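Visitor: Got a structure for you, written out below as structure tokens; questions coming shortly.
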Amino acid sequence: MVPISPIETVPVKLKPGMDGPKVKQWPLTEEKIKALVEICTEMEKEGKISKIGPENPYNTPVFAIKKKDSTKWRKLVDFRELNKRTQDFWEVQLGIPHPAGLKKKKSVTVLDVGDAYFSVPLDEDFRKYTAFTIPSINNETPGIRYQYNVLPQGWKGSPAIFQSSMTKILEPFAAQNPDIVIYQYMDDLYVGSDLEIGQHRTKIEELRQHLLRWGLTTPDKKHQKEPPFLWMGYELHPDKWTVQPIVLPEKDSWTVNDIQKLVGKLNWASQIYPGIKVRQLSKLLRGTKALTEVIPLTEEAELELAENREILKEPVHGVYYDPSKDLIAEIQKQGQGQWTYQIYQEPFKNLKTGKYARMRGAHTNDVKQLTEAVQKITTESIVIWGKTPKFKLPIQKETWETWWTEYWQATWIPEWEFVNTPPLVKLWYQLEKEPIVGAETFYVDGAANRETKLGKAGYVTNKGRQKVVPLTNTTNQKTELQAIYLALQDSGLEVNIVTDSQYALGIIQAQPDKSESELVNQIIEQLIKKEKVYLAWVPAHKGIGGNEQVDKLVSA
Amino acid sequence: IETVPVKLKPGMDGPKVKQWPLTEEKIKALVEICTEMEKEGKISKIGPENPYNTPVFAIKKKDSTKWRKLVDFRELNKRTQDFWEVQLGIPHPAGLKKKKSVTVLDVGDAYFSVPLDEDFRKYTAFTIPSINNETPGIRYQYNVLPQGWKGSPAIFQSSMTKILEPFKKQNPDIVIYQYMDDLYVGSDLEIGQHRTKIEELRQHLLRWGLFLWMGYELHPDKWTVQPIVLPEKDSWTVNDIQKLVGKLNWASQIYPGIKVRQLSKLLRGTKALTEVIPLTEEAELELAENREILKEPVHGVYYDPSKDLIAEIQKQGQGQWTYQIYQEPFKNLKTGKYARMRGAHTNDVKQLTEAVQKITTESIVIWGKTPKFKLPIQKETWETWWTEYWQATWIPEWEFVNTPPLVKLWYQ
Ligand SMILES: Cc1cc(/C=C/C#N)cc(C)c1Nc1ccnc(Nc2ccc(C#N)cc2)n1
Ligand SMILES: Cc1c(CO)cnn1-c1ccc(F)cc1
Ligand SMILES: Cc1c(CO)cnn1-c1ccc(F)cc1
Ligand SMILES: [Mg+2]
């Protein structure tokens with residue numbers, strides 16, 4: 001006997017106040033019972049389960065599932081109830097590596113750890129909660145009672161405990177062999193390196209020797225698995241990666257469910273294929289959510305789909321990360337609140353691509369969206385590469401400078417350079433800091449009846465220009481904007497506007513270039529045509545000249 | 001030896017808080033720091049049976065080549081029981097803000113000498129993430145009192161009093177205040193002499209068996225405030241008067257007797273914004289009466305220790321920021337303005353982060369607690385960048401303002 005190191009058990013508890021499962025065993029056909037008896041007899045010989053006395057109060061139901069085509073049964077213990085009562089664990093399998101952050105490897109070998117997969121010991125005090133019963137034939141004897149000595153498949157704690165146990169075993173090997181990488185997925189270990197293939201093979205044997213210390217055997221006959229690997233929806237190759245094949249179906253009719261799966265495919269593709277756009281296709285899913293409902297595609301959605309098909313015409317691959325080189329991120333504006341980006345090190349070789357969509361809100365502008373896109377790419381890049389890429393942005397340095405210095409919020413974007421690739425992001429209007437000498441002054445106001453929704457909007461000016469428009473289906477807030485629109489419409493290229501509307505000021509001070517409100521949009525269109533606009537606020541009803549006058553006119 | 005029993009609040013489980021993304025250089029710094037801490041027995045590796053997490057990062061202090069580990073215990077602190085245990089409470093010294101020099105020392109390293117209660121340790125769990133999650137995150141928990149945890153100064157307090165006993169007796173005029181990992185030491189002495197006493201205090205701690213060498217020099221006696229002031233002009237445009245009336249209207253919420261009637265009647269008729277309006281007698285008197293009102297403090301302003309402090313900040317442009325600290329609206333406990341530089345001439349977010357830290361410091365000195373901030377920034381912008389500029393060992397609460405305040409005008 002060669003002494004082996006025991007794998008240390010993880011102490012496990014039920015959630016506070018909760019007891020273990022007690023769940024009736026379903027009746028089973030005599031056929032299924034005999035198969036379970038045989039299966040458990042073998043499992044018991046291997047030390048995986050043990051027969052227990054009558055004193056154990058707990059139970060979890062056991063099933064016999066027939067493999068398709070097979071004459072051979074499989075045992076299924078349904079742990080759903082125990083899992084509800086089991087404590088939460090630290091789950092390390094969240095945070096999957098992104099292929100774009102991986103490093104190129106000369107060789108990647110796969111080892112089968114399945115022997116260990118079913119061999120990790122379960123905490124002795126917790127074992128009783130895993131009790132199950134094979135029903136006796138004819139119900140004429142007590143059922144055969146077992147409990148698990150090892151991590152049960154399907155139990156809540158098995159994946160985390162297996163991963164942590166394997167990690168602890170592998171740790172000294174990884175640490176003392178910096179020239180390889182080791183990754184654990186299910187019952188396989190993947191080992192890559194840049195070593196000469198002989199040396200690489202040596203490291204593999206050494207790893208096999210190291211695992212033997214715990215008595216974990218890796219099969220002599222080695223793995224069928226080779227690069228390329230199909231993993232988590234990707235294809236990993238030694239020098240490149242991509243997403244698994246993306247094929248968009250042909251249809252004369254589309255439903256909620258199909259458009260959902262279409263967008264999901266497009267979203268997945270967008271991390272490699274540049275320029276993917278989901279806006280119009282996503283819009284078809286607005287509200288609704290009756291899954292089998294057939295939605296007519298808009299012309300816009302058809303156009304977007306056709307554009308995506310062309311992008312997806314032939315395979316595209318990303319390269320891996322070279323830590324000795326800068327990361328560059330480039331962004332383009334696609335329209336309709338859509339942004340797209342590429343991250344690369346060498347020109348014309350992308351590590352990855354991606355997209356960003358405008359957040360839903362009443363009002364927005366291109367500069368804010370660009371800023372948001374930058375912060376998203378930054379965060380993603382910290383996750384994947386641990387550093388911020390240098391940005392190439394379709395906005396001039398002078399434009400950015402004017403924006404951030406005058407914007408009411410603190411705002412920042414990290415090191416970046418202008419790339420001239422239309423459409424460029426620009427400031428469509430900027431309001432004056434001081435009243436304009438020689439420009440006509442418009443005092444505006446509006447008011448609406450809360451019940452009838454009847455209202456008025458208008459202005460009076462220092463030149464005696466005046467207007468009041470009667471309105472229907474309007475609100476006080478809307479009339480305040482309506483009045484500002486009239487002042488813009490009727491004035492020359494330079495204008496001073498005085499309003500009492502905090503609402504209107506709040507919107508305009510937010511500097512939107514686009515809005516869900518048609519009124520705000522037409523106001524923006526007017527602002528764009530002016531040379532100079534000064535907007536002044538005064539409090540309402542204070543006796544302020546020209547504000548008093550127009551307030552009276554519009555109050556009916 | 002003999003840990004103080006610690007528990008969470010009734011009905012509360014431990015913090016589970018996601019670790020945010022860390023740069024390569026921060027991960028590397030944390031790996032080195034934690035390797036040593038583990039060797040010194042301060043922290044221990046933990047298993048999967050510990051679900052809890054608190055975020056960690058690292059900062060580089062002003063004038064230092066070395067990283068400092070910073071755990072963000074904000075969630076754990078909310079969930080931890082308050083401490084009445086031996087001590088009823090520390091009445092906050094009111095004289096601290098009256099000293100001519102207050103030096104801030106990082107004393108947090110002393111906490112590591114006290115073992116943490118065995119059953120509470122799991123709640124201190126934290127993770128060092130790996131780049132691109134290529135290797136499992138390194139999981140630790142504290143075996144001793146962690147820096148940044150509110151229970152630490154509470155539990156260490158008996159030891160600290162003992163350590164500082166000969167210094168207090170030798171120096172009765174010195175005001176020493178402890179907040180989290182910071183020790184605030186005031187004096188009215190000449191600064192060279194002040195600095196000597198500080199180093200004198202340092203040795204007391206050092207000889208006890210030890211970032212202590214540092215100090216942060218404040219002068220709270222010179223801290224100013226921003227009363228409401230009105231322009232003094234020889235000629236007023238229509239625009240000037242409208243701004244004045246607007247400002248006074250706003251002020252009249254804060255102050256009882258403000259009147260705009262006579263000033264507003266200067267605006268009679270509809271006039272060009274740039275036209276100069278001479279002031280009438282009635283308007284001039286009214287303006288004078290308003291000026292006098294504004295030289296008095298605000299009525300019914302009082303600090304309530306049972307209520308949160310709220311801090312609002314406005315960006316005034318050209319590296320200028322104004323702020324107000326209050327409990328109830330329009331009753332300001334403090335107002336202020338920073339024309340302060342500290343680099344960041346091209347970076348708004350660095351400036352804001354520095355402002356947040358300076359305001360929090362002021363709040364600690366004056367009331368002995370941190371304010372909840374209302375920050376004029378988008379959440380995503382703040383969260384992406386703030387940890388790059390953070391130099392403090394504590395962190396305050398914050399929320400985000402997405403609608404431009406009209407009142408920015410009048411603190412300007
Ligand atoms: C995450 C990961 C998944 C698999 C495999 C998962 C599966 N199935 C295999 C390995 C070795 C790793 N870990 C790492 C770590 C650093 N660089 C790399 N680069 C790298 C990995 C695979 C190929 C290939 N072919 C090329 C380069 N892999
Ligand atoms: C989400 C967050 C916080 C939480 O306030 C602090 N830093 N971060 C963060 C850190 C790195 C990033 F890239 C993006 C965000
Ligand atoms: C131009 C517009 C919209 C759409 O832009 C909504 N209301 N109004 C409007 C209608 C009449 C007005 F006098 C002023 C504004
Ligand atoms: Mg009105």
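Going by the structure tokens order, chains are called A, B, ..., each with residues numbered from 1, while ligands are numbered from 1 in the order shown.
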Using only C-alpha atoms and all ligand atoms, tabulate the residues of chain A lying at most 12 Å from any atom of ligand 4, each with its closest atom pair and that distance in Å to one decimal, by chain and increasing residue number, as CSV.
Guide:
```
residue,atom,partner,partner_atom_place_in_ligand_line,distance
A:443,CA,ligand 4,1 (Mg),10.6
A:444,CA,ligand 4,1 (Mg),8.7
A:445,CA,ligand 4,1 (Mg),5.6
A:446,CA,ligand 4,1 (Mg),6.2
A:447,CA,ligand 4,1 (Mg),6.5
A:448,CA,ligand 4,1 (Mg),10.0
A:455,CA,ligand 4,1 (Mg),11.8
A:456,CA,ligand 4,1 (Mg),10.6
A:457,CA,ligand 4,1 (Mg),9.9
A:458,CA,ligand 4,1 (Mg),10.6
A:459,CA,ligand 4,1 (Mg),11.1
A:476,CA,ligand 4,1 (Mg),9.1
A:477,CA,ligand 4,1 (Mg),10.6
A:479,CA,ligand 4,1 (Mg),10.1
A:480,CA,ligand 4,1 (Mg),8.5
A:483,CA,ligand 4,1 (Mg),10.9
A:498,CA,ligand 4,1 (Mg),11.6
A:499,CA,ligand 4,1 (Mg),8.7
A:500,CA,ligand 4,1 (Mg),6.8
A:501,CA,ligand 4,1 (Mg),8.1
A:502,CA,ligand 4,1 (Mg),11.2
A:538,CA,ligand 4,1 (Mg),10.4
A:539,CA,ligand 4,1 (Mg),9.1
A:540,CA,ligand 4,1 (Mg),5.8
A:541,CA,ligand 4,1 (Mg),6.8
A:542,CA,ligand 4,1 (Mg),10.1
A:543,CA,ligand 4,1 (Mg),11.0
A:544,CA,ligand 4,1 (Mg),10.8
A:546,CA,ligand 4,1 (Mg),10.8
A:547,CA,ligand 4,1 (Mg),7.3
A:548,CA,ligand 4,1 (Mg),7.4
A:549,CA,ligand 4,1 (Mg),9.3
A:550,CA,ligand 4,1 (Mg),7.5
A:551,CA,ligand 4,1 (Mg),4.3
A:552,CA,ligand 4,1 (Mg),7.4
A:553,CA,ligand 4,1 (Mg),9.3
A:554,CA,ligand 4,1 (Mg),7.7
A:555,CA,ligand 4,1 (Mg),7.5
A:556,CA,ligand 4,1 (Mg),11.2
```
Visitor: Generate a file of the selected residues that holds N, CA and C atoms, formatted as an mmCIF file, in the first residue's frame.
Guide:
```cif
data_model
loop_
_atom_site.group_PDB
_atom_site.id
_atom_site.type_symbol
_atom_site.label_atom_id
_atom_site.label_comp_id
_atom_site.auth_asym_id
_atom_site.auth_seq_id
_atom_site.Cartn_x
_atom_site.Cartn_y
_atom_site.Cartn_z
ATOM 1 N N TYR A 443 -40.475 87.374 -23.058
ATOM 2 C CA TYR A 443 -41.000 86.884 -21.789
ATOM 3 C C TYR A 443 -42.107 85.887 -22.088
ATOM 4 N N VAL A 444 -41.898 84.629 -21.714
ATOM 5 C CA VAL A 444 -42.831 83.573 -22.096
ATOM 6 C C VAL A 444 -43.605 83.032 -20.903
ATOM 7 N N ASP A 445 -44.818 82.556 -21.164
ATOM 8 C CA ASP A 445 -45.564 81.798 -20.166
ATOM 9 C C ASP A 445 -46.644 80.945 -20.810
ATOM 10 N N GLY A 446 -47.125 79.969 -20.046
ATOM 11 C CA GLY A 446 -48.269 79.174 -20.436
ATOM 12 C C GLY A 446 -49.026 78.731 -19.201
ATOM 13 N N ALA A 447 -50.290 78.370 -19.382
ATOM 14 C CA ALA A 447 -51.107 77.848 -18.300
ATOM 15 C C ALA A 447 -52.173 76.964 -18.914
ATOM 16 N N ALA A 448 -52.673 76.005 -18.139
ATOM 17 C CA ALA A 448 -53.713 75.105 -18.616
ATOM 18 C C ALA A 448 -54.725 74.811 -17.520
ATOM 19 N N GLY A 455 -55.776 75.352 -22.587
ATOM 20 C CA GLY A 455 -54.672 76.178 -22.146
ATOM 21 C C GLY A 455 -54.314 77.288 -23.104
ATOM 22 N N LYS A 456 -53.270 78.029 -22.758
ATOM 23 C CA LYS A 456 -52.744 79.077 -23.612
ATOM 24 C C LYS A 456 -51.241 79.106 -23.429
ATOM 25 N N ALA A 457 -50.531 79.477 -24.484
ATOM 26 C CA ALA A 457 -49.091 79.670 -24.409
ATOM 27 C C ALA A 457 -48.768 80.944 -25.170
ATOM 28 N N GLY A 458 -47.721 81.650 -24.758
ATOM 29 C CA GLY A 458 -47.389 82.887 -25.435
ATOM 30 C C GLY A 458 -46.207 83.669 -24.911
ATOM 31 N N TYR A 459 -46.049 84.879 -25.435
ATOM 32 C CA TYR A 459 -44.926 85.730 -25.064
ATOM 33 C C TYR A 459 -45.254 87.208 -25.242
ATOM 34 N N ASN A 476 -50.177 72.258 -17.809
ATOM 35 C CA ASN A 476 -49.363 73.421 -17.463
ATOM 36 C C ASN A 476 -47.909 73.257 -17.895
ATOM 37 N N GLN A 477 -47.341 72.090 -17.616
ATOM 38 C CA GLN A 477 -45.961 71.826 -17.997
ATOM 39 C C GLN A 477 -45.785 71.863 -19.510
ATOM 40 N N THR A 479 -47.625 73.573 -21.703
ATOM 41 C CA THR A 479 -47.788 74.950 -22.169
ATOM 42 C C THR A 479 -46.532 75.784 -21.930
ATOM 43 N N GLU A 480 -45.796 75.467 -20.867
ATOM 44 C CA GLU A 480 -44.551 76.166 -20.557
ATOM 45 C C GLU A 480 -43.506 75.896 -21.637
ATOM 46 N N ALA A 483 -44.712 77.629 -24.959
ATOM 47 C CA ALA A 483 -44.391 79.050 -24.970
ATOM 48 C C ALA A 483 -42.945 79.293 -25.398
ATOM 49 N N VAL A 498 -37.043 84.670 -21.292
ATOM 50 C CA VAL A 498 -37.258 84.660 -19.849
ATOM 51 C C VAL A 498 -38.456 83.783 -19.507
ATOM 52 N N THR A 499 -38.227 82.750 -18.702
ATOM 53 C CA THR A 499 -39.306 81.849 -18.312
ATOM 54 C C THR A 499 -39.350 81.702 -16.803
ATOM 55 N N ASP A 500 -40.521 81.382 -16.269
ATOM 56 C CA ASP A 500 -40.635 81.015 -14.858
ATOM 57 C C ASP A 500 -40.654 79.507 -14.625
ATOM 58 N N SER A 501 -40.451 78.732 -15.684
ATOM 59 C CA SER A 501 -40.734 77.308 -15.599
ATOM 60 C C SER A 501 -39.501 76.546 -15.143
ATOM 61 N N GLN A 502 -39.561 76.013 -13.931
ATOM 62 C CA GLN A 502 -38.458 75.216 -13.407
ATOM 63 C C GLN A 502 -38.382 73.917 -14.201
ATOM 64 N N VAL A 538 -36.936 83.240 -13.845
ATOM 65 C CA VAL A 538 -37.416 84.104 -12.773
ATOM 66 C C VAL A 538 -38.491 83.355 -11.990
ATOM 67 N N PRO A 539 -38.670 83.696 -10.706
ATOM 68 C CA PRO A 539 -39.754 83.051 -9.963
ATOM 69 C C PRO A 539 -41.107 83.601 -10.396
ATOM 70 N N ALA A 540 -42.118 82.738 -10.392
ATOM 71 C CA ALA A 540 -43.466 83.125 -10.798
ATOM 72 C C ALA A 540 -44.144 84.012 -9.757
ATOM 73 N N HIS A 541 -45.065 84.854 -10.222
ATOM 74 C CA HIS A 541 -45.969 85.626 -9.362
ATOM 75 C C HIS A 541 -45.283 86.597 -8.406
ATOM 76 N N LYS A 542 -44.080 87.045 -8.749
ATOM 77 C CA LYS A 542 -43.351 87.932 -7.850
ATOM 78 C C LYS A 542 -43.489 89.409 -8.201
ATOM 79 N N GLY A 543 -44.232 89.707 -9.263
ATOM 80 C CA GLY A 543 -44.433 91.081 -9.682
ATOM 81 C C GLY A 543 -43.406 91.484 -10.718
ATOM 82 N N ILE A 544 -42.782 90.485 -11.334
ATOM 83 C CA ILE A 544 -41.709 90.715 -12.295
ATOM 84 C C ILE A 544 -42.255 91.119 -13.655
ATOM 85 N N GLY A 546 -43.213 91.872 -17.325
ATOM 86 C CA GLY A 546 -43.239 91.162 -18.588
ATOM 87 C C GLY A 546 -43.529 89.696 -18.344
ATOM 88 N N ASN A 547 -43.172 89.211 -17.156
ATOM 89 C CA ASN A 547 -43.589 87.888 -16.718
ATOM 90 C C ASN A 547 -45.016 87.955 -16.190
ATOM 91 N N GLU A 548 -45.299 89.015 -15.435
ATOM 92 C CA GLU A 548 -46.647 89.279 -14.945
ATOM 93 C C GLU A 548 -47.614 89.430 -16.113
ATOM 94 N N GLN A 549 -47.223 90.258 -17.080
ATOM 95 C CA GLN A 549 -48.035 90.542 -18.261
ATOM 96 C C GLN A 549 -48.463 89.277 -18.996
ATOM 97 N N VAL A 550 -47.493 88.448 -19.362
ATOM 98 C CA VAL A 550 -47.794 87.254 -20.140
ATOM 99 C C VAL A 550 -48.507 86.180 -19.299
ATOM 100 N N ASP A 551 -48.177 86.095 -18.011
ATOM 101 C CA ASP A 551 -48.882 85.173 -17.117
ATOM 102 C C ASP A 551 -50.380 85.467 -17.098
ATOM 103 N N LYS A 552 -50.723 86.749 -17.089
ATOM 104 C CA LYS A 552 -52.121 87.161 -17.090
ATOM 105 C C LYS A 552 -52.811 86.802 -18.408
ATOM 106 N N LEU A 553 -52.118 87.032 -19.521
ATOM 107 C CA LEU A 553 -52.654 86.729 -20.849
ATOM 108 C C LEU A 553 -52.969 85.245 -21.024
ATOM 109 N N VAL A 554 -52.086 84.389 -20.520
ATOM 110 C CA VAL A 554 -52.215 82.953 -20.741
ATOM 111 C C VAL A 554 -53.123 82.260 -19.720
ATOM 112 N N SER A 555 -53.490 82.970 -18.657
ATOM 113 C CA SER A 555 -54.304 82.378 -17.596
ATOM 114 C C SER A 555 -55.799 82.440 -17.899
ATOM 115 N N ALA A 556 -56.138 83.000 -19.058
ATOM 116 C CA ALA A 556 -57.519 83.057 -19.540
ATOM 117 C C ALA A 556 -58.470 83.762 -18.575
#
```
Visitor: Quick one: which residues from chain B are at most 6 Å off chain A, using only C-alpha atoms, as a PDB file with N, CA and C atoms, in the first residue's frame?
Guide:
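Output (part17.pdb):
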```pdb
ATOM      1  N   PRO B  21     -14.688  44.859 -10.107  1.00  0.00           N
ATOM      2  CA  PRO B  21     -13.461  44.569 -10.863  1.00  0.00           C
ATOM      3  C   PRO B  21     -12.246  45.351 -10.363  1.00  0.00           C
ATOM      4  N   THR B  23      -8.048  46.307 -11.037  1.00  0.00           N
ATOM      5  CA  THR B  23      -6.943  46.362 -11.977  1.00  0.00           C
ATOM      6  C   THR B  23      -5.850  45.382 -11.581  1.00  0.00           C
ATOM      7  N   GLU B  24      -5.031  45.015 -12.559  1.00  0.00           N
ATOM      8  CA  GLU B  24      -3.917  44.106 -12.358  1.00  0.00           C
ATOM      9  C   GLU B  24      -3.017  44.570 -11.217  1.00  0.00           C
ATOM     10  N   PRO B  48     -15.471  26.818   0.932  1.00  0.00           N
ATOM     11  CA  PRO B  48     -16.722  27.117   0.229  1.00  0.00           C
ATOM     12  C   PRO B  48     -17.925  27.199   1.167  1.00  0.00           C
ATOM     13  N   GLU B  49     -17.796  26.665   2.377  1.00  0.00           N
ATOM     14  CA  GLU B  49     -18.899  26.693   3.331  1.00  0.00           C
ATOM     15  C   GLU B  49     -19.135  28.102   3.883  1.00  0.00           C
ATOM     16  N   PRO B  51     -20.279  31.484   2.626  1.00  0.00           N
ATOM     17  CA  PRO B  51     -21.012  32.212   1.584  1.00  0.00           C
ATOM     18  C   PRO B  51     -20.759  33.719   1.549  1.00  0.00           C
ATOM     19  N   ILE B 131      -7.544  38.139 -12.710  1.00  0.00           N
ATOM     20  CA  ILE B 131      -7.836  38.736 -14.005  1.00  0.00           C
ATOM     21  C   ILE B 131      -8.554  37.716 -14.881  1.00  0.00           C
ATOM     22  N   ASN B 132      -9.673  38.148 -15.449  1.00  0.00           N
ATOM     23  CA  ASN B 132     -10.482  37.338 -16.353  1.00  0.00           C
ATOM     24  C   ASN B 132     -10.964  36.057 -15.686  1.00  0.00           C
ATOM     25  N   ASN B 133     -10.994  36.064 -14.354  1.00  0.00           N
ATOM     26  CA  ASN B 133     -11.457  34.924 -13.573  1.00  0.00           C
ATOM     27  C   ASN B 133     -10.827  33.599 -13.998  1.00  0.00           C
ATOM     28  N   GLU B 134      -9.562  33.645 -14.398  1.00  0.00           N
ATOM     29  CA  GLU B 134      -8.888  32.464 -14.931  1.00  0.00           C
ATOM     30  C   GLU B 134      -8.469  31.470 -13.852  1.00  0.00           C
ATOM     31  N   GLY B 246     -34.645  86.411  -7.826  1.00  0.00           N
ATOM     32  CA  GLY B 246     -34.599  84.959  -7.773  1.00  0.00           C
ATOM     33  C   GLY B 246     -33.836  84.462  -6.552  1.00  0.00           C
ATOM     34  N   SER B 264     -39.046  93.870  -7.217  1.00  0.00           N
ATOM     35  CA  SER B 264     -39.830  93.351  -8.333  1.00  0.00           C
ATOM     36  C   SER B 264     -40.541  94.441  -9.135  1.00  0.00           C
ATOM     37  N   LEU B 267     -39.076  96.139 -12.217  1.00  0.00           N
ATOM     38  CA  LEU B 267     -39.184  95.416 -13.464  1.00  0.00           C
ATOM     39  C   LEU B 267     -40.434  95.808 -14.255  1.00  0.00           C
ATOM     40  N   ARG B 268     -41.198  96.782 -13.748  1.00  0.00           N
ATOM     41  CA  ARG B 268     -42.488  97.168 -14.339  1.00  0.00           C
ATOM     42  C   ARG B 268     -42.372  97.397 -15.838  1.00  0.00           C
ATOM     43  N   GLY B 269     -43.293  96.796 -16.582  1.00  0.00           N
ATOM     44  CA  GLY B 269     -43.232  96.822 -18.029  1.00  0.00           C
ATOM     45  C   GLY B 269     -42.385  95.676 -18.534  1.00  0.00           C
ATOM     46  N   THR B 270     -42.238  95.585 -19.849  1.00  0.00           N
ATOM     47  CA  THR B 270     -41.493  94.487 -20.449  1.00  0.00           C
ATOM     48  C   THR B 270     -40.202  95.048 -21.074  1.00  0.00           C
ATOM     49  N   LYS B 271     -39.065  94.764 -20.449  1.00  0.00           N
ATOM     50  CA  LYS B 271     -37.823  95.448 -20.824  1.00  0.00           C
ATOM     51  C   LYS B 271     -36.716  94.520 -21.319  1.00  0.00           C
ATOM     52  N   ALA B 272     -35.819  95.067 -22.142  1.00  0.00           N
ATOM     53  CA  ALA B 272     -34.631  94.359 -22.616  1.00  0.00           C
ATOM     54  C   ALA B 272     -33.785  93.899 -21.439  1.00  0.00           C
ATOM     55  N   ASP B 348     -12.732  66.061 -13.581  1.00  0.00           N
ATOM     56  CA  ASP B 348     -13.872  66.430 -12.743  1.00  0.00           C
ATOM     57  C   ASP B 348     -14.080  65.439 -11.621  1.00  0.00           C
ATOM     58  N   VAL B 349     -13.902  64.167 -11.952  1.00  0.00           N
ATOM     59  CA  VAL B 349     -14.250  63.088 -11.041  1.00  0.00           C
ATOM     60  C   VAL B 349     -13.228  62.974  -9.909  1.00  0.00           C
ATOM     61  N   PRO B 376     -23.480  65.003  -7.692  1.00  0.00           N
ATOM     62  CA  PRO B 376     -23.821  65.478  -9.039  1.00  0.00           C
ATOM     63  C   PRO B 376     -23.007  64.738 -10.104  1.00  0.00           C
ATOM     64  N   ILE B 377     -23.291  63.449 -10.252  1.00  0.00           N
ATOM     65  CA  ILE B 377     -22.602  62.605 -11.211  1.00  0.00           C
ATOM     66  C   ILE B 377     -23.503  61.415 -11.533  1.00  0.00           C
TER      67      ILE B 377
END
```
Visitor: Name the residues of stretch 154-364 of chain A that come out as strand (DSSP E) in a backbone DSSP run; write them as a ChimeraX atom specification.
Guide: /A:180-185,188-193,229-231,234-236,240-243,318-319,328-335,338-344,350-357,363-364
Visitor: For residue A:123, which of A:188, A:491, A:7, A:55 is the closest residue, counting only C-alpha atoms?
Guide: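 For residue A:123, the nearest of the candidates is A:7.
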Visitor: Please give me, as number ranges by chain, the residues lying within 9 Å of ligand 1 when counting only C-alpha atoms and all ligand atoms.
Guide: A: 96-99, 101-110, 180-185, 188-193, 225-232, 234-241, 320-321; B: 132-135
Visitor: Could the residues that lie within 12 Å of ligand 3, counting only C-alpha atoms and all ligand atoms, be listed as a PyMOL selection string?
Guide: chain A and resi 444-446+455-459+467-475+477-490+515-526+554
